[PDB]
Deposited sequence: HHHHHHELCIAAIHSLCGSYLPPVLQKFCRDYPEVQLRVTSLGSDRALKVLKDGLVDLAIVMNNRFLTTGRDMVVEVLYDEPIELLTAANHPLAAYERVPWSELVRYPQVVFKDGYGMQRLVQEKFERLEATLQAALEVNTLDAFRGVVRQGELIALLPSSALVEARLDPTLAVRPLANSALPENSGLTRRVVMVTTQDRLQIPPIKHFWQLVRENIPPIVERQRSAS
């Protein structure tokens, strides 16, 4: 049993290649990949429930930075804001959003941005999965701010539109303990992740 906590974006963006390479190299180790908010991801690591966590930065501990990536806008196709090539902040600020629930970094990222802007954040509706995000935004009322790697399926959905912003960025990091890296399959997954 190799147990992993990971940001929702990773199992439909870059992780599956790593999962496959690992299983090839350790055939008898069952993988467990639990998609979680960063904050919960660190709890369950501390509790010994996972061996490794891939989380954001709003939140003997070995950390490695993996990448940065912009935040973009998700929209119903033919939402007014889909008219822009790049969506200006003054327009975006006007429209109600779907948001992540508490314990997700992106949530604390979107709050922080709107605090600095001094524009009121209109949080119609809270969700906890990327599917829910797409399902809601499809319905045409609400828009969502989401990291680029979360929007892979979104870009190919003709019901939806994805747009860069006129920047707002997040960093994704990998996190474990030192004693854990003395375990070769864990170490191997750690190096696999960065290897590719």
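Gaps in the model relative to the deposited sequence occur at 1-6, 66-71, 179-186, 217-228, listed in sequence order.
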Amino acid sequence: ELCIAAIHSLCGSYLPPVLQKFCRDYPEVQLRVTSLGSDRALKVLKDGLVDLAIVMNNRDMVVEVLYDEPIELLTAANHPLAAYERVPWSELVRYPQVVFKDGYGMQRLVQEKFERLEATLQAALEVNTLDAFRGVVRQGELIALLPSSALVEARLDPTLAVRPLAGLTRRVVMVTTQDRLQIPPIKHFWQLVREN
From here on, numbers count along this sequence of modelled residues.
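Here 97-105 and 116-124 are compared by their mean Cα B-factor, and 116-124 comes out higher. When 69-77 is weighed against 85-93, 85-93 comes out higher, by mean CA B-factor as recorded in the entry.
Residues shown: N58, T34, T129, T159. Highest C-alpha temperature factor in the entry: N58.
Sorting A150, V62, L49, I143 by the CA temperature factor given in the entry leaves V62 at the top. In the PDB entry, a CA B factor belonging to the highest third of its chain's modelled residues is recorded for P27. Annotation for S9: CA B-factor lies in the lowest third of the chain's modelled residues. Sorting the modelled residues of the chain by their CA temperature factor places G167 in the highest third.
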